[PDB]
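# Summary of the model geometry
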Amino acid sequence: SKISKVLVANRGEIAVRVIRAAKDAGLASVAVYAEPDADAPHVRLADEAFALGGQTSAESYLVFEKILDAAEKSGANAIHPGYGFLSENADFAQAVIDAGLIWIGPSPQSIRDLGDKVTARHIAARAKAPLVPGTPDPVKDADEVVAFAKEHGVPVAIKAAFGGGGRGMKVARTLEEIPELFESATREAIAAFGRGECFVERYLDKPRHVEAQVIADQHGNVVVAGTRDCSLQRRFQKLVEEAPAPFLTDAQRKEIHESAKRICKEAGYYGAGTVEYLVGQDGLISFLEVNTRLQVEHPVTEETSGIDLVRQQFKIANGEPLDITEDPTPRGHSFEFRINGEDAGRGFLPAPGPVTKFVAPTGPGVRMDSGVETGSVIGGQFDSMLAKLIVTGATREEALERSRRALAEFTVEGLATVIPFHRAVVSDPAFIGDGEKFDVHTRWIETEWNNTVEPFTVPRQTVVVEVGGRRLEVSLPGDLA
Amino acid sequence: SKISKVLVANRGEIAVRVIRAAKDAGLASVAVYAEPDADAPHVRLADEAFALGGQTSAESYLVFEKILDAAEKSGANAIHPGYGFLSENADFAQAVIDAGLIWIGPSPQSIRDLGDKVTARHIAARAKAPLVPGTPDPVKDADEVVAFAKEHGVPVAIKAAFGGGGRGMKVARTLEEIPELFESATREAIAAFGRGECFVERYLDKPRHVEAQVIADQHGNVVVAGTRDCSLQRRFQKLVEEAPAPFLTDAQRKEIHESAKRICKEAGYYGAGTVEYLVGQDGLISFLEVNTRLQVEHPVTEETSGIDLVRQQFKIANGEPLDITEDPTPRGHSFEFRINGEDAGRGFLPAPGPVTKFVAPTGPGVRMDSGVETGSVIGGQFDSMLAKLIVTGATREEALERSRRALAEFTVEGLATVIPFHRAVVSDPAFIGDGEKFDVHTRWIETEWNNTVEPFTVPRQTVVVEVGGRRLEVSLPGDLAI
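Residues numbered from 1 in each chain as written, not as in the entry; some residues may be left out. Chains lettered and ligands numbered in written order. Part of a larger assembly, values for the part shown. Heavy atoms only, no water. Residues with missing side-chain atoms left out of burial classes, pairs and counts.

As documented in the archive entry, the model was determined using cryo-EM at 2.9 Å resolution.

Here it is in structure tokens:
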């Protein structure tokens, strides 16, 4: 009738964040591990861990019953998807009801609508959220795209409605691209998402990205923890983010903080998930995405507002009311740099290998949350992420000064990492903001920066045992002799 | 005056702190190092650093001519003294000022007028702060303690007249006893410092030690950046710290603020500072002692109020004021703990050594200072202290909930740590709280509490075994038959 043991269905950098929040909450806290990670810190930090096995995502985390058996064998009443693998799967979200489990996530039906960026964008307009207005109709055929390309004008997005991870994000810049990019995005969408939907809207010339985090309770209250900027991206992947809102007006800020509640309440929502927007080069704003999950870059919420979002989710699972109610007025500034195994000398190409040391700085203003530990080995079969570096001060440039010390101390040994680029954007003239304006935007990375970096130069065995008529599997090092 | 290259004339904890704070400001920073601590992170991080050729603090950091030769050979222009070696013998500051370097702090006279602990009461009374009764002169002879205790009734504490990193202390219960413990403390006193004086101010049954974290300005601004409570004490020494004072109303907190503003203005104080207080279980408050070079617990007092607590001195040297001009309100709650190499389960018998394992705290609500890294070795005559853990939440209990994981991930090996004891007090029903009160006080843990720690000081084989898909760690003798 209450939460007492909880399964954190995820690895690494979110895994230790959630398992730590469960340890602080005093819950029985359980992890799940793929075979290559059998020595990883994220598989060691939990109280209990269960094997998914296999070496690839299709063999491992994309497989459901391994979690449901870990649920039965632990007795865990509740599963938290974490992010990415399981947080919006409508069949798993009812399989948990067949299994008789609590669901830590969005409403099982609303998953069908919140994922459709057409009718969800109708909902955003209905909620009066900021938008570039685009077309109300999915593309009936390409000549409706050519009509929009004539009347509303190029550049026209041909972006997939169920796209993510940088997939299907494509834009046609000239009329010659429109047909072939619509075609190849359709041929992409039917492969990547099982569905053809994409929609037409004005592509913004030089936007930034901005987000907030939203929290509610089943009793019906809703509060918002903070607004933050995510502008550094490559191949549409996120590289660096900054918080609190550096440059928006109080009108736009207040709209973000109230519309977060509105787009909860009008959906009947009571969960969490980062809300995402872009800022135009002139200070226009457009809505973009209800990221209906924890992004790993949430943790500046503890330094600004104290809220444990996972513990508020536990309070919601208990049906407890919200406590943190009055404005946690934000102070200082913070950046998060994502630490990845990638060679900045050769276009940030990822590389496998061991890490001999992973230097997190010390002192005031610096925090680090990681899923990788000193002596790890890295490979591209899972996410390339290693850790999150969160660094903060009394002002944006003071946080960059503590960064200029901290990241020049921050070092990784044995493998390639992005720290050189983070140092560069910490130092070169374009990114320096005056306190109420800066010039940088998306696609700044593609051509507006200049790169100078030099590149980085036995099995297990199974023994079966029978116990009174049970078959039991036991796994052993192929090493005792 | 306007800084251009800073030398920090001290070892350990404060050198890493100053070098990082200076590199945050973008200021060139210089270190001097002894033979057994030349590998510390501060000497590594300093832009230039120079050898003393000594082994104990006496052959290494305590020599002025060697420090000034290093300051020449480095080209330093501004001096930071750090803490814990030369911080009270102000004739070192006389040597610095005679050498013409900039001083990153309050002037020599502002030190001398408060260097004897006798005069702390004098200027607290000039400020008309709340204060404990006591004589203005020190103990002149063994009849004074008896004459005072005759009617300012027993028991009586006996304190050293001089403060800092090492001073004598005793307590005597009735008139017949006091001279023996006075003369034994006097023999240690005359071994510690060049003046023979002791100081008396009765006794308290429930003394909490409390302080104001204070900043003051040559432009006459004051910012009381926070308040703290030290109620866990052992052998009359401090152990653990917090960012607010708990369980006190505004009518109590005002006394901690408003006595410090008056003394700072009449002493002409400038920059960051501190004022100590003694406080009771019953919520009495009185002034104790000013602190001008602080016990170093900067991060929470910085990060609650949004001020860099060193760079304001660089601004004042350039002649700029403090950025805050009105009293802050403590925002959230935070804890600080210092970990030492002591066999807590044996009575805290010291044991420094190698930090053969030293595993970083990470994640939500935590910060970390360390002077040392895995594979370093402690010099055989330094103090037992190692590193600091910093923790935060909205309130006490949330910061202790966080500490119960954060201090358990802080694996350290090769030398002792107080980690198990900090885990205990992080959990103890007396030191935790729902918010209204706590019972702990300076004599409580030593005269009444139960210390249950297991202290620090054929091979075993270790294997990972998994049953039913459940992971386990297993270890067994490495020398078994069969």
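### What about the overall build of chain A?
When helices and strands are counted, chain A shows 14 helices and 23 strands. Against the globule reference of 23 Å for 481 residues, chain A gives a C-alpha radius of gyration of 23 Å, in line with a compact fold. In terms of principal-axis extent, the alpha carbons of chain A reach across some 75 × 50 × 50 Å. (Helix = DSSP H or I, 4+ residues; strand = E, 2+ residues; numbered from the N terminus. Rg over C-alpha atoms; globule rule 2.2 N^0.38 Å.)

### A look at the overall build of chain B
Each helix and strand in chain B was counted, giving 14 helices and 24 strands. Taking 23 Å as the expected radius of gyration for a compact globule of 482 residues, we find that chain B reaches 24 Å, a close match to that expectation. In terms of overall dimensions, chain B has C-alpha extents of about 80 × 55 × 45 Å along its principal axes.

### Things to note about unusual backbone geometry
In this structure, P244 of chain A follows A243 of chain A across a cis peptide bond, with omega equal to -10°. With respect to the helices and strands, the residue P244 of chain A is situated in the loop between β10 (237-243) and α9 (250-265). A cis amide bond links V154 of chain B with the next residue in sequence, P155 of chain B, at an omega value of 0°. Along the chain, the position of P155 of chain B falls in the loop between α7 (142-149) and β6 (156-160). For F236 of chain A, which is not a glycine, the phi torsion comes out positive at approximately 60°. Turning to its location among the elements, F236 of chain A is positioned in the loop between β9 (222-234) and β10. Even without being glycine, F348 of chain B reaches a positive phi, approximately 60°. Tracing the backbone through its elements, the reader meets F348 of chain B in the loop between β17 (342-343) and β18 (349-350).

### Quick word on the interface of chain B and chain A
In many analyses, interface size is given as the accessible surface area lost on bringing the parts together. Counting residues at the interface gives 22 residues for chain B, matched by 20 residues for chain A. Residue assignment for the side of chain B that touches chain A shows that the elements contributing at least two residues are α1 (13-25), β20 (366-370), α12 (396-406), β23 (460-467) and β24 (470-477) of chain B. Taken together, the residues of the side of chain B that touches chain A sort by class into 7 nonpolar, 5 polar and 10 charged. Of the pairings in the sheet, the one linking strand β23 (residues 470-477) of chain A to β23 of chain B comprises 2 bridges and is antiparallel in character. In the strand pairing of β23 of chain B, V474 of chain A is matched with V467 of chain B. (Contact = heavy atoms within 4.5 Å. Nonpolar A, V, L, I, M, F, W, Y, C, P; charged D, E, K, R; others polar. Pairing = 2+ DSSP bridges.)

### Thoughts on the packing of helix α12 (residues 396-409) of chain A against α1 of chain B
At a minimum axis separation of 7 Å, α12 of chain A and α1 of chain B run at an interaxial angle of 125°. Here α12 of chain A is positioned oblique relative to α1 of chain B, judged by the angle of their axes. For α12 of chain A against α1 of chain B, the interelement crossing comes out right-handed. Contacts from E401, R402 and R405 of chain A in α12 of chain A reach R20, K23 and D24 of chain B in α1 of chain B. Of the residues assigned to the contact of α12 of chain A with α1 of chain B, the class counts are no nonpolar, no polar and 6 charged. (Axes fitted to C-alpha atoms, helices over the stretch in contact; angles between N-to-C directions. Parallel < 35°, antiparallel > 145°, perpendicular 65-115°, else oblique. Left-handed = near helix turned anticlockwise from the far one by under 90°.)

### Digging into the environment of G393 of chain B
All names here are of chain B. Note on placement: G393 falls in strand β21 (residues 385-393). When the C-alpha positions of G393 and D282 are compared, they lie 26 Å apart, and in sequence the two are 111 residues distant. If near-sequence neighbours (up to four positions away) are discounted, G393 is found in contact with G332, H333, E398 and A399.

### A word on the sheet that holds β21 of chain B
Residues and elements named next belong to chain B. If you walk across this open sheet you meet the 4 strands as β13-β16-β21-β20, and the pairing is antiparallel. The outermost strands of the open sheet, each flanked by one partner alone, are β13 (240-242) and β20. The average undirected angle you get between the axes of adjacent strands in this sheet is 15°. By the bridge criterion, 8 bridges tie strand β16 (residues 333-340) to β21 in an arrangement that is antiparallel. From the neighbouring strand, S334 faces β21, where its bridge partner is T392.

### Remarks on the sheet that holds β10 of chain A
Residues and elements named next belong to chain A. As summarised here, the arrangement of the 8 strands in space is β12-β11-β8-β9-β10-β13-β20-β18, forming an open sheet in which the pairing is antiparallel. Either end of the sheet is taken by a strand with one partner, and the two such strands are β12 (285-290) and β18 (366-370). Neighbour-to-neighbour, the strand axes of the sheet open up by a mean angle of 25°, direction not taken into account. The sheet contact formed by β18 and strand β20 (residues 385-393) spans 5 bridges and is antiparallel. Across the sheet, the residue bridging to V366 is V391, located in β20. Where α12 meets the sheet, it contacts β13 (333-340) and β20, and its direction lies at approximately 130° from that of β20.

### Considerations on the pairing of β6 of chain B
Residue and element names in this part refer to chain B. Taken together, the 4 bridges between β6 and strand β7 (residues 169-172) define a ladder with antiparallel strand orientation. Directly across from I158, in β7, lies its bridge partner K170. Where β6 and strand β8 (residues 198-200) come together, 3 bridges link them in antiparallel fashion. Bridge pairing in β8 links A160 to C198.

### Topic: the pairing of β13 of chain A
All names here are of chain A. Inspection of the sheet shows β10 paired to β13 by 4 bridges, in the antiparallel sense. Looking at β13, one finds that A243 is bridged to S334. Pairing geometry for β13 and β20, over 8 bridges, is antiparallel. Of the residues in β20, the one forming a bridge with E336 is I390.

### Focus on the environment of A216 of chain A
Residue and element names in this part refer to chain A. Position of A216 relative to the elements: it lies in strand β8 (residues 208-216). In the structure, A216 is positioned 209 residues away from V425 in sequence and 36 Å away in space, judged by C-alpha atoms. The contacts of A216, once residues within four sequence positions are left out, are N221, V222, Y269, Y270 and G271.

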